[PDB]
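Asks: Protein sequence lines correspond, in order, to chains B and A. Positions in the first sequence are counted from 1; adding 1065 to them yields the authors' numbering. Positions in the second sequence are counted from 1; adding 207 to them yields the authors' numbering. No residue lacks a Cβ here, since even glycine has one placed at the ideal position from N, Cα and C. One structure is given below, represented as structure tokens, and several questions about it will come after.
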Amino acid sequence: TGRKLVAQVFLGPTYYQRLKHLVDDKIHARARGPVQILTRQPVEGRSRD
Amino acid sequence: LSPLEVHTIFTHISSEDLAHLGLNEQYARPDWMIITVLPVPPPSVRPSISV
């Protein structure tokens, strides 16, 4: 709108750190994927998947 | 002592006696505690591999 905000903002620079472990590395989805040979249950994280 | 000796004694045990104790003349039979035909599970239970 262009309306002033009723309240006053605390605006002021600072440095934030870009942390590691991003998202596109942490998403996970299964659905009839590979399975162990001995137990015949689903594999663990990673692989594919 | 030995196993062959024990088993023999057990097998002789009287039927009305096998029940007198916490045994089962149908499921559990002392004369069974000793192995003789050791069974062999199928690979399905075991693993393998191939480099």
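From which residue to which residue does the alpha helix (DSSP H) around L211 (chain A) run?
Replies: Unbroken alpha helix (DSSP H) run through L211 (chain A): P210 to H219.
Asks: Let me make sure I understand the geometry here. Which of A:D238, A:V252 and A:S251 has the alpha-carbon closest to that of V213 (chain A)?
Replies: That would be A:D238, whose Cα lies nearest to the Cα of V213 (chain A).
Asks: Quick check on the DSSP output: the alpha helix (DSSP H) that includes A1094 (chain B) runs from which residue to which?
Replies: Looking at the DSSP string, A1094 (chain B) is not in any alpha helix (DSSP H), and its letter there is neither H nor E.
Asks: Let me make sure I understand the geometry here. Which of B:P1107, B:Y1081, B:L1087 and B:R1083 has the alpha-carbon closest to that of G1098 (chain B)?
Replies: Out of B:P1107, B:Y1081, B:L1087 and B:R1083, B:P1107 has the C-alpha closest to the C-alpha of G1098 (chain B).
Asks: Measuring only the C-alpha atoms, how far is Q233 (chain A) from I1102 (chain B)?
Replies: The alpha-carbon atoms of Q233 (chain A) and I1102 (chain B) are separated by roughly 36 Å.
Asks: Thinking just about the alpha-carbon of each residue, which of A:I256, A:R236, A:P249 and A:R253 is nearest to the one in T218 (chain A)?
Replies: Per the Cα distances, A:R236.
Asks: Taking the straight line between their C-alpha atoms, what separation do you get for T1079 (chain B) and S255 (chain A)?
Replies: In a straight line, the C-alpha of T1079 (chain B) is about 58 Å away from that of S255 (chain A).
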